[PDB]
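For the record, the sequence lines run as chains B and A.
Residue numbers for the first sequence, in PDB author numbering: 1 to 44, 52 to 305.
Residue numbers for the second sequence, in PDB author numbering: 1 to 302.
Below: the structure, in structure tokens.
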Amino acid sequence: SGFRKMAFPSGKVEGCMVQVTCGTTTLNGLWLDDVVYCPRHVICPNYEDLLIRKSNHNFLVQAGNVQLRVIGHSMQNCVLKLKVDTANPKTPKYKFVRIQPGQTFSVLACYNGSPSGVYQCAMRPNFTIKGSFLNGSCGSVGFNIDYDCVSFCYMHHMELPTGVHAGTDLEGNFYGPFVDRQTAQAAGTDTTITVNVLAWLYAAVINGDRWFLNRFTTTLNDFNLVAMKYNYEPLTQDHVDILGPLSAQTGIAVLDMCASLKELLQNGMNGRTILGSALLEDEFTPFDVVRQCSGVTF
Amino acid sequence: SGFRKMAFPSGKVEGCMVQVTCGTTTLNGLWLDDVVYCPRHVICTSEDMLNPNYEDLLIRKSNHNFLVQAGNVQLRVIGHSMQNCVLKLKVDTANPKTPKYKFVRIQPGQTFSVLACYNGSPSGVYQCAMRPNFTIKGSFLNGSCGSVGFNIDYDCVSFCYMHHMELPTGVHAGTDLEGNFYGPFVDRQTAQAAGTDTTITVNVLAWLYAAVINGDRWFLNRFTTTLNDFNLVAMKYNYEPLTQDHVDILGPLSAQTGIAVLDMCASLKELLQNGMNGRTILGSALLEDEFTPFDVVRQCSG
Ligand SMILES: Cc1ccc2cncc(NC(=O)Cc3cccc(Cl)c3)c2c1
Ligand SMILES: [Cl-]
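Printed below as a string of structure tokens:
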């Protein structure tokens, strides 16, 4: 029993964190095989022009107490790829994956190439992450673990004025309409990840929290009409299908749980909590719920 | 033990019934807080009924045209507005007997209790199900318009139906409490017919599980079925398709009795083919479809 916001074990990723210094700027890099990936803003904008003025020895890369020697440099979108002489012996089996909003991932927050903490995030529908970052966290990565393979899905680049965070996939493509420069940028109006709230309601049912259940059901269209009024993401037939296993395990049809959510949105919790929360939690995907309520290991 | 068609206690709803009179028309209204909800056709003169322009008829009305009576007390109407096919009469007194309530729109197959009223006075309570053709097989006479359908799960009354009309087959049509009709019906005297009705398959299976919980297994068999083969057979007996949602909903009953849903489906398939052969199931010689899976669990267990 119990339901916690749980991150993947960070060990395979910790062995990849290095410190990248370029001039006065110090941030984090991800050392995989003989390449160090880091935000291109470490050179700071005309990034092609700033990069052409740099030499390999301008980038000081530090892996623990060992200084790596940079033998090449190239830019792929908003990520800098520093070719190093040494292949990381701790390189795990990995993939670079781009995630969709609503998907969750773990973030290994680092400062000076050293991991300080790990937390679980969700890519918000407005493509920002409500992370926890201080100055020096740039280059901290977001990942998932698929059996023994680390899927890198995020690299931290910046903080928006609202305290939320923006970054890219590992191919340097930003999540959201953000750019890596000092200019007026704002996170768009956020919405609630509906499929995730339903997944979390199923987790609450599995943990014995059933007060919110009711005898009612709803049409998918009637629910989307209601959900649109509360700034909730539309629930698609894909989401309903994804929720299938949880629906089968608890005996509560997806549209049945949707009617519980409809009443919760119009009536609130009425002094009650669900999984120790007085708010509807949207940062657990249907897969996160199944994995935590089954015990999958890495 | 025992399985009865059980209605919710009507007390919380009785304290909300008021009489609404507009001209020659008298029907029932539901007094919740300082609002009286009733069918908008109370403003019609029966000569309007065929093609009524409700916006046009309502604009010609004043607050003092609507006489609202709560017991022996005449309530004062201080405002009026129309929301779909329901009239909302703002009154100068909040109902002190207003219970904790919600307005819920139900899906076909769902059940609810009906508090039948005449002249703002409750005369009886019965259990009903929203038919797959969106009609209800109620028991209503003239003057029952405005009688409400509800469920009382826990201490909150969930209003799901307001009676508006009787179709030519003796079945009834009405709306949710936001004035949206169930089915393709309109509050007009025009030619309207209930579509071909079908048996609520998930409810019959729930009722077969209730029979098993009550000690009856005569109808069970050694067979199982695929969901698709059950639906092919069920369609031929005018039964609603059973979806994966229904199979999932039947999960708890299947777990409690040790009989898999598709196993129980094979038993229903056999009953459809053979009939009962002079036998009964829960005192009925017909397959009962007005108990949902939720009704069976509430009544048989708690
Ligand atoms: C005579 C009678 C008998 C039983 C009845 C049972 N329920 C309702 C009655 N009346 C109506 O249906 C009034 C009506 C007519 C046309 C359109 C609308 Cl929206 C309403 C009943 C009347
Ligand atoms: Cl329903």
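Idealized CB from N, CA, C, for every residue including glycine.
Cutoff 8 Å: residue i Cβ touching any chain B Cβ
{"i": "A:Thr26", "result": "no"}
{"i": "A:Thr257", "result": "no"}
{"i": "A:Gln107", "result": "yes"}
{"i": "A:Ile213", "result": "no"}
{"i": "A:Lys236", "result": "no"}
{"i": "A:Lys90", "result": "no"}
{"i": "A:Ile136", "result": "no"}
{"i": "A:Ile249", "result": "yes"}
{"i": "A:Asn203", "result": "no"}
Cβ-based neighbour list, residue i, same chain, cut-off 6 Å, excluding 5 preceding and 5 following
{"i": "A:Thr98", "result": "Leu32, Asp33"}
{"i": "B:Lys12", "result": "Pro99, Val157"}
{"i": "A:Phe294", "result": "none"}
{"i": "A:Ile213", "result": "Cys300"}
{"i": "B:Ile200", "result": "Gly109, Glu240, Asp289"}
{"i": "B:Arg217", "result": "none"}
{"i": "B:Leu287", "result": "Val204"}
{"i": "B:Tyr237", "result": "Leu272"}
{"i": "B:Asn95", "result": "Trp31"}
Close Cβ partners of residue i (< 7 Å) along its chain, the five nearest in sequence each way excluded
{"i": "A:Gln127", "result": "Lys5, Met6, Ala7, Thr111, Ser113, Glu290"}
{"i": "A:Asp48", "result": "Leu57"}
{"i": "B:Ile106", "result": "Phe112, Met130, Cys160"}
Residues that DSSP places opposite residue i in a beta bridge
{"i": "A:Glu166", "result": "A:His172"}
{"i": "A:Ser81", "result": "A:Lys88"}
{"i": "B:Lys102", "result": "B:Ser158"}
{"i": "B:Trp31", "result": "B:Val36"}
{"i": "B:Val42", "result": "Its beta-bridge partners do not exist; DSSP assigns none."}
{"i": "A:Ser301", "result": "The partner list for A:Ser301 (beta bridge, DSSP) is empty, contrary to what the question assumes."}
{"i": "B:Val125", "result": "B:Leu115"}
{"i": "A:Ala70", "result": "A:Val73"}
{"i": "A:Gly149", "result": "A:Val114, A:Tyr161"}
{"i": "B:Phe219", "result": "DSSP, once it has assigned bridges, lists no residue as partnering B:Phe219."}
{"i": "A:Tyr239", "result": "A:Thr199"}
Rounded separation between residue i and residue j - CA only
{"i": "B:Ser10", "j": "B:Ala116", "result": "10 Å"}
{"i": "B:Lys269", "j": "A:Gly275", "result": "41 Å"}
{"i": "B:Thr135", "j": "A:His80", "result": "47 Å"}
{"i": "A:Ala266", "j": "B:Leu253", "result": "25 Å"}
{"i": "A:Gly183", "j": "A:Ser139", "result": "19 Å"}
{"i": "B:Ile43", "j": "B:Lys61", "result": "8 Å"}
{"i": "B:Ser1", "j": "B:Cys85", "result": "43 Å"}
{"i": "A:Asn51", "j": "A:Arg188", "result": "6 Å"}
{"i": "B:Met82", "j": "B:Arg40", "result": "7 Å"}
{"i": "residue 303 of chain A", "j": "A:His164", "result": "The structure shown has nothing for residue 303 of chain A, since chain A only spans 1 to 302."}
{"i": "B:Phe305", "j": "A:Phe230", "result": "42 Å"}
{"i": "B:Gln192", "j": "B:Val18", "result": "29 Å"}
{"i": "A:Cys16", "j": "A:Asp153", "result": "18 Å"}
{"i": "B:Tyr37", "j": "B:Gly179", "result": "9 Å"}
{"i": "A:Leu262", "j": "B:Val296", "result": "27 Å"}
{"i": "B:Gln244", "j": "B:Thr226", "result": "11 Å"}
{"i": "B:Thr24", "j": "B:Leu141", "result": "17 Å"}
Minimum Cβ-Cβ distance from residue i to chain A less than 8 Å
{"i": "B:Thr224", "result": "yes"}
{"i": "B:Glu270", "result": "yes"}
{"i": "B:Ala260", "result": "yes"}
{"i": "B:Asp229", "result": "yes"}
{"i": "B:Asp263", "result": "yes"}
Heavy atom of ligand 1 within 7 Å of residue i beta-carbon
{"i": "B:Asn231", "result": "no"}
{"i": "A:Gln189", "result": "yes"}
{"i": "A:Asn84", "result": "no"}
{"i": "A:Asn142", "result": "yes"}
{"i": "A:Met49", "result": "yes"}
{"i": "A:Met162", "result": "no"}
{"i": "A:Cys145", "result": "yes"}
{"i": "A:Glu166", "result": "yes"}
{"i": "A:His41", "result": "yes"}
{"i": "A:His172", "result": "yes"}
Residue i Cβ short of 7 Å to ligand 2 heavy atom set
{"i": "B:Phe185", "result": "no"}
{"i": "B:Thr224", "result": "yes"}
{"i": "A:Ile106", "result": "yes"}
{"i": "B:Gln273", "result": "no"}
{"i": "B:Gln192", "result": "no"}
{"i": "A:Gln110", "result": "yes"}
8 Å Cβ shell around residue i - same chain, five flanking residues per side excluded
{"i": "A:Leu75", "result": "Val18, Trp31, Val36, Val68, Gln69, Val91, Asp92, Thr93"}
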